[PDB]
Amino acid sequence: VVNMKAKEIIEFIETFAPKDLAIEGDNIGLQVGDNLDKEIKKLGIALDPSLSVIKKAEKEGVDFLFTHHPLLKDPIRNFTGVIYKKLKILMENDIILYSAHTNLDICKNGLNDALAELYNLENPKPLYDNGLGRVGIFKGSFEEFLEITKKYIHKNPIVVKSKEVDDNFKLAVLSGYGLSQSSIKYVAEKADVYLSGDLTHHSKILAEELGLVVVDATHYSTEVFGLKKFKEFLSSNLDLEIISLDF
């Protein structure tokens, strides 16, 4: 166990998930920070750079805060309320905030590959062109798929049973939010079952009409699974204390 500098953590992460992989206009990289020669005693991993995560980072003496989601998607020019409180804590404690978003989704053994491997997808391919998600054939019954889901991801997934599903069906997976109306239409042409998160009403109705079976294992869980794999990957390779904050 040893102290690392900020650059060295960043180059290691960017080796695993190159910034080249992020879809256009994704706010990846350094979120908050100035000096990358800052010395790091404690790396914190989180899904969200939420207020309570940042408070907890300060309480636990985190020096480098890694989050999957960027601090801001839409840019701002006034600093009040919640964003004031978050930046104040990060700045007063001089805590570095860094994010790997879609580049962590897409890269090999990333969040989507983690799901694809979990379901042991036969000859998996990118679901989208950019290329988010994985699609392939699940060599098993629908109910062995659900049991794997319940065991490793979320024990109470929402199932939109739009049609009967035969063994050896085509399965698409997308970590996080993949259940938009436009996504449903697209995936309906490519798979029998769609595993993702953040189901809403209109998407549910749409999936039923198209006969696409949708499984909502929550936005949180479908990502945290991969994040745990990512956290174990860092711990094995870096001589550095690493904790998780919101999982």
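Sequential numbering from 1, following the sequence displayed.
Q: Could you check which stretch, 121-129 or 155-163, carries the larger mean CA temperature factor in the entry?
A: According to the PDB entry, the answer is 121-129.
Q: Between 177-185 and 32-40, which has the larger average Cα B-factor in the PDB entry?
A: The recorded data point to 32-40.
Q: Just to confirm, going by the entry's C-alpha B-factors, which of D216, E58, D192, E209 comes out highest?
A: The listed residue with the largest C-alpha B-factor is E58.
Q: Could you look up the Cα B-factor of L245 in the entry and say which third of the chain it sits in: lowest, middle or highest?
A: As the PDB entry reports it, the C-alpha B-factor of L245 lands in the middle third of its chain.
Q: State the tercile, meaning the lowest, middle or highest third, of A172 with respect to the CA B-factors recorded for its chain.
A: Lowest third.
Q: Relative to the other modelled residues of the same chain, rank the CA B-factor of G81 and answer lowest, middle or highest third.
A: Bottom third by C-alpha B-factor.
Q: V224: which third of its chain by C-alpha temperature factor?
A: For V224, whose C-alpha B-factor we compare with every modelled residue in the chain, the answer is the lowest third.
Q: Looking at the entry's B-factor column for C-alpha atoms only, identify whether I137 ranks in the lowest, middle or highest third of its chain.
A: Highest third, going by the recorded CA B-factors of the chain.
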